[PDB]
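Residue numbers (the entry's author numbering), protein chains in the order written: chain P, 426 to 529; chain D, 218 to 737; chain C, 634 to 737.
For every residue, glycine included, the Cβ atom is placed at its ideal position computed from N, Cα and C.
Quick notes on the structure that follows.
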Amino acid sequence: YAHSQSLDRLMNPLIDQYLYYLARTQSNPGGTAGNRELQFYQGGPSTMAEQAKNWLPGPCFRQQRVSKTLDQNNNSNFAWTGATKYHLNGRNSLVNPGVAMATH
Amino acid sequence: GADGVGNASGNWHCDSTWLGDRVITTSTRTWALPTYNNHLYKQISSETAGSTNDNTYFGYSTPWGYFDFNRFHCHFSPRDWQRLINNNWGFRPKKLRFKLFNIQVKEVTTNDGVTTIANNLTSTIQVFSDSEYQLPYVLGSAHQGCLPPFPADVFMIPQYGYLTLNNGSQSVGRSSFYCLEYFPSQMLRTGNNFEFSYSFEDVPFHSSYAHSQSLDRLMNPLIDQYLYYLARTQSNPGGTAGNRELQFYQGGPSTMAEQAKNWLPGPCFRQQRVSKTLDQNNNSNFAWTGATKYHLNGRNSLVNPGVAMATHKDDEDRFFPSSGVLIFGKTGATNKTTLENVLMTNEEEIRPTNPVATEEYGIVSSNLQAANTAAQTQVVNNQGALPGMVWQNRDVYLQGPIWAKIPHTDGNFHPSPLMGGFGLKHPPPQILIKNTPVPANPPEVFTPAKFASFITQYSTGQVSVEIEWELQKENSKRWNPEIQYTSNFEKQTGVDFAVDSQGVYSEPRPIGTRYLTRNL
Amino acid sequence: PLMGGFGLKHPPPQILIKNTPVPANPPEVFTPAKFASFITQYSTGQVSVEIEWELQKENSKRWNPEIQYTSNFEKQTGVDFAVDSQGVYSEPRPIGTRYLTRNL
Ligand SMILES: Nc1ncnc2c1ncn2[C@H]1C[C@H](O)[C@@H](COP(=O)(O)O)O1
Numbered sequence: 426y427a428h429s430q431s432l433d434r435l436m437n438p439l440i441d442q443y444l445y446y447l448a449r450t451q452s453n454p455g456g457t458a459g460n461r462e463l464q465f466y467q468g469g470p471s472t473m474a475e476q477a478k479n480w481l482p483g484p485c486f487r488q489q490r491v492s493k494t495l496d497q498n499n500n501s502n503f504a505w506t507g508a509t510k511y512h513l514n515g516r517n518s519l520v521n522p523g524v525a526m527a528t529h
Numbered sequence: 218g219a220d221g222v223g224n225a226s227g228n229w230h231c232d233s234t235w236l237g238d239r240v241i242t243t244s245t246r247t248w249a250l251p252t253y254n255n256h257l258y259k260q261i262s263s264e265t266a267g268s269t270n271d272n273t274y275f276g277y278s279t280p281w282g283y284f285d286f287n288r289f290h291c292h293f294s295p296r297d298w299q300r301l302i303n304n305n306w307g308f309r310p311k312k313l314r315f316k317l318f319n320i321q322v323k324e325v326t327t328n329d330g331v332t333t334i335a336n337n338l339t340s341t342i343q344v345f346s347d348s349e350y351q352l353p354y355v356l357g358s359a360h361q362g363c364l365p366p367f368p369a370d371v372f373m374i375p376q377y378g379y380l381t382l383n384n385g386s387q388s389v390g391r392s393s394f395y396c397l398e399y400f401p402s403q404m405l406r407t408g409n410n411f412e413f414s415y416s417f418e419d420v421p422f423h424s425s426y427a428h429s430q431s432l433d434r435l436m437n438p439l440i441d442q443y444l445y446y447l448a449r450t451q452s453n454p455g456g457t458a459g460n461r462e463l464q465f466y467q468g469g470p471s472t473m474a475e476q477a478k479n480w481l482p483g484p485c486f487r488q489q490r491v492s493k494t495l496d497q498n499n500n501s502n503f504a505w506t507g508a509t510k511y512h513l514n515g516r517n518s519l520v521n522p523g524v525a526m527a528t529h530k531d532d533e534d535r536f537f538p539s540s541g542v543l544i545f546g547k548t549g550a551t552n553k554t555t556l557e558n559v560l561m562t563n564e565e566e567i568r569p570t571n572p573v574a575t576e577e578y579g580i581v582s583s584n585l586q587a588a589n590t591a592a593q594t595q596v597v598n599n600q601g602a603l604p605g606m607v608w609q610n611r612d613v614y615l616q617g618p619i620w621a622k623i624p625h626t627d628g629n630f631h632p633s634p635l636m637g638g639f640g641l642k643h644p645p646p647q648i649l650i651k652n653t654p655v656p657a658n659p660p661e662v663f664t665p666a667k668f669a670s671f672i673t674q675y676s677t678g679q680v681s682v683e684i685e686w687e688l689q690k691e692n693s694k695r696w697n698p699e700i701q702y703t704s705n706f707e708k709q710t711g712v713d714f715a716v717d718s719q720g721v722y723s724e725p726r727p728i729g730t731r732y733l734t735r736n737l
Numbered sequence: 634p635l636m637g638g639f640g641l642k643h644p645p646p647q648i649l650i651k652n653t654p655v656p657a658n659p660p661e662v663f664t665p666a667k668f669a670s671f672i673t674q675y676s677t678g679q680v681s682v683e684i685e686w687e688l689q690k691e692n693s694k695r696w697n698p699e700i701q702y703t704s705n706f707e708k709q710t711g712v713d714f715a716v717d718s719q720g721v722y723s724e725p726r727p728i729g730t731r732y733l734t735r736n737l
């Protein structure tokens with residue numbers, strides 16, 4: 426199965442949380458100068474990214490990005506040199522395919 | 218449902234029963250359910266209000282409402298909460314019993330400013346619990362609309378809507394549409410009532426104890442280890458020149474930090490440090506820019522509250538992690554407030570086993586030394602799990618969420634809700650409720666078109682929920698007195714956790730579960 | 634009780650009564666706030682109470698007649714312990730329990 430929801434969006438879009446987050450470390454600028462203030466909002470439909478969440482995405486061990494259209498790739502050989510590989514007993518072993526991660 | 222109109226379908230039960238190792242808490246409230254969306258399902262998306270790439274969403278909004286009792290203060294009076302955390306090392310839920318009764322439906326008419334409300338006897342409501350977890354699960358997201366803290370309050374049932382996959386503001390073809398009239402649902406008139414029972418799956422006791430020892434200090438102070446460590450890479454300088462030597466000492470009372478240890482502190486994912494005294498903070502906006510956030514599918518999502526970590530260091534009370542705490546409002550606070558109006562929780566009780574949320578995990582060597590080359594090290598801001606780590610989950614608060622649903626996935630690591638409470642693979646089902654449509658008089662000659670025209674109505678009634686909690690007794694042999702949660706004592710203008718002159722119930726402070734101590 | 638009567642460590646319990654709130658029509662879009670808006674209503678009905686009293690009989694050998702509590706006898710504008718022309722019930726005097734005598 427392929428999930429029909431995402432971790433960040435598991436919330437309820439219509440309702441506004443009772444947990445505050447730290448929205449701004451300055452006063453709302455009036456076009457003059459930033460003034461120190463602490464301001465807290467509620468996680469809600471407007472701002473989902475700031476909203477409190479119970480879960481975190483899976484682990485990742487990163488790897489280089491290659492494009493199928495040749496002209497967008499750099500001109501060099503980064504295959505082995507810019508590879509993502511693990512170092513075991515003096516041996517550099519390419520990480521293939523690696524930890525499961527979304528391709529693009 | 219059994220009897221007719223003039224017979225009440227159920228008694229009011231709000232009570233607490235403390236017996237042995239269990240505590241059975243019953244709470245009853247009066248609820249009111251409006252008519253949402255004029256009985257329509259509307260696809261909602263961020264396309265309407267531009268927002269930003271991180272906040273885009275796509276989903277649906279439903280006429281259905283739902284009952285939420287996901288906070289502790291629903292089931293606990295502050296007194297009962299005081300008995301729990303003072304006398305016990307842990308508690309977990311066992312069974313659940315849910316009842317709707319004394320259902321009333323009202324029809325309302327508006328003529329030239331006059332609002333007339335009258336009973337509608339024959340109209341019904343629809344209630345079904347989702348036992349099979351087939352719907353999107355919006356509980357555990359810490360929304361509002363939960364039963365009020367205070368039994369005499371009346372509350373309105375929140376609307377049910379859900380989100381799905383999207384590309385920008387559009388809908389990817391994997392997006393799902395769930396029609397909620399496609400499930401079996403019991404229909405209830407004023408004589409009918411609704412009930413079901415539930416049984417929690419076995420979960421670990423929450424830890425209501427704060428350790429009395431720290432990982433680094435678990436040793437014996439009087440005795441000196443038999444394991445050497447590498448003390449110095451030079452000869453003891455006589456004030457002339459450093460001379461290469463290798464020297465080993467024994468771990469002992471003098472030097473505890475160098476001493477060999479079996480265990481490592483819990484994992485950390487670091488976050489920025491903010492001070493409550495304004496003049497000590499930088500002048501800039503680092504809130505979102507200097508935030509600690511995770512990058513998922515092109516979306517930058519703030520990490521809140523994050524992995525459980527001690528909020529501040531030993532002597533520093535005023536600092537708190539930027540995103541690393543649960544923050545509550547004081548009574549009568551809007552959705553945009555300053556520092557004084559929030560109630561900010563701190564975890565100081567996990568300082569022994571956990572890193573401080575605002576500081577590094579450790580420091581680690583980045584290079585191979587040589588005769589000419591000097592040793593270099595780098596700081597560890599984030600650390601995954603390493604064999605030999607121990608940690609403590611975030612505490613639960615009287616206002617905090619009780620449970621959350623562990624998503625259905627191939628794998629997870631030590632699932633517990635980062636906000637707090639009990640991770641459940643099969644949580645208490647979602648109870649949904651709706652007012653059945655009543656059509657206004659049809660045109661008298663047939664037309665195929667949708668009605669869109671109904672009698673405006675709402676329904677009210679009572680709901681009761683009874684959870685059976687299991688306890689873990691305090692065995693400790695500690696000689697000196699424990700810390701406890703204590704009421705104010707000194708005179709004050711009004712009682713804490715009680716109504717003021719205007720009838721507004723108010724909770725002055727958050728209350729955590731960790732007071733009693735035990736050895737690490 | 635210094636006022637009088639029977640001191641009880643477990644007296645007749647307090648019977649409390651309230652009219653359950655009936656909400657007025659809610660706004661149709663969710664708000665967390667307290668209602669404060671209800672349908673004004675009251676309730677009426679009957680209540681009955683039945684107490685079983687125990688007595689202690691008068692054994693006295695006293696020869697001459699006792700004092701008793703006696704009604705007015707002589708004509709008056711209206712009866713004692715009864716409604717007047719306006720329907721107002723009235724109690725003319727207090728009445729104590731101590732008339733019959735016994736030796737000290
Ligand atoms: N919150 C929560 N829910 C479910 N499972 C959890 C949770 N925290 C940890 N675990 C898992 C991970 C541990 O290996 C194990 C301890 O279960 P024990 O019963 O203590 O032997 O349970």
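Query                                                                                                                               : Result
Sheet register partners of D:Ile648 (DSSP bridge)                                                                                   : D:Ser346
Closest by C-alpha distance to P:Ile440, when choosing among D:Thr407, D:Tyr377 and D:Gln442                                        : D:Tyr377
Selected residue, minimal CA-CA separation from D:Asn552, among D:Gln609, D:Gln361 and D:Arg461                                     : D:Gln361
Sheet register partners of D:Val596 (DSSP bridge)                                                                                   : D:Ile580
Residue span of the alpha helix (DSSP H) that contains residue 182 of chain D, given as start and end                               : Chain D is shown only over 218 to 737; residue 182 of chain D falls outside these bounds and no answer can be derived.
Endpoints, the alpha helix (DSSP H) within which D:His290 is located                                                                : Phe289 to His292
Three-state secondary structure assigned by DSSP to P:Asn517                                                                        : strand
D:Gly640 CB to nearest heavy atom of ligand 1 below 8 Å                                                                             : yes
Interfacial residues, the segment 498-512 of chain D to chain P, with Cβ spacing under 9 Å                                          : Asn498, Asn499, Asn500, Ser501, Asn502, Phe503, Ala504, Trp505, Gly507, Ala508, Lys510, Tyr511 and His512
Counterpart residues of D:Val325 in DSSP-defined beta bridges                                                                       : D:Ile334
Proximity test, Cβ basis, 9 Å: D:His360 and chain P                                                                                 : yes
Contact residues within the segment 322-342 of chain D, judged by C-beta distance below 8 Å to chain C                              : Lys323, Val325, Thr332 and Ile334
Residue-chain proximity (D:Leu397, chain P), Cβ-Cβ < 9 Å                                                                            : no
Presumed contact (8 Å Cβ cut-off) between D:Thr381 and D:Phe308, rounded CB distance                                                : 36 Å between Cβ atoms; not a contact.
is_contact[D:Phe545, chain P] using C-beta, thresh 9 Å                                                                              : yes
Closer than 8 Å: D:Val721 CB and nearest ligand 1 heavy atom                                                                        : no
Residue environment, D:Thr575, which counts as buried when at least 16 other CB atoms sit within 10 Å                               : buried
Any non-hydrogen atom of ligand 1 within 8 Å of D:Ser633 CB                                                                         : yes
Buried/exposed call for D:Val581, threshold 16 Cβ in 10 Å                                                                           : exposed
Near-chain P residues of the segment 381-393 of chain D - C-beta to any C-beta below 9 Å                                            : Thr381, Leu382, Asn383, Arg391, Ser392 and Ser393
Length-filtered (3 minimum) beta strand (DSSP E) runs lying within the segment 684-719 of chain D                                   : none
Spatial neighbours of D:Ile619 in its chain, beta-carbon cut-off 7 Å, leaving aside the 5 residues before and after                 : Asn287, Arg288, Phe289, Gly638 and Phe639
The segment 553-568 of chain D contacting the segment 494-513 of chain P, beta-carbon criterion three pairs below 8 Å               : no
Partners in chain D for P:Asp496, counting only beta-carbon separations shorter than 7 Å                                            : Correct list: empty, because the minimum Cβ distance to chain D is about 23 Å.
Rounded distance between the beta-carbons of D:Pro482 and D:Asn571, thought under 8 Å                                               : 6 Å
Closest residue to D:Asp232 among D:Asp297, D:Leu301 and D:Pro538 (Cα-Cα distance)                                                  : D:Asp297
Local conformation of C:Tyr722 per DSSP, three classes                                                                              : coil
8 Å CB neighbourhood of D:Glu462 in its chain, flanking five on each side removed                                                   : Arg449, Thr450, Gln451 and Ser452
Extent of the continuous beta strand (DSSP E) run through D:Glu412                                                                  : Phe411 to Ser416
Meets three-Cβ-pair contact criterion under 8 Å: the segment 691-709 of chain D and the segment 251-263 of chain D                  : no
D:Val420 Cβ short of 8 Å to ligand 1 heavy atom set                                                                                 : yes
Paired residues, beta bridge with D:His428 - DSSP                                                                                   : D:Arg735
Member of D:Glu564, D:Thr548 and D:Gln647 whose CA lies at the smallest distance from the CA of D:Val524                            : D:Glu564
Residues near D:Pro725 in its chain [Cβ-Cβ closer than 6 Å; skip 5 each side]                                                       : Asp713
Own chain, CB closer than 6 Å to D:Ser402, minus 5 neighbours either side, in chain order                                           : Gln343 and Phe345
Contacts around D:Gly678, its chain only, beta-carbon distance under 6 Å, and the 5 residues preceding and following it disregarded : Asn319, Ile320 and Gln321
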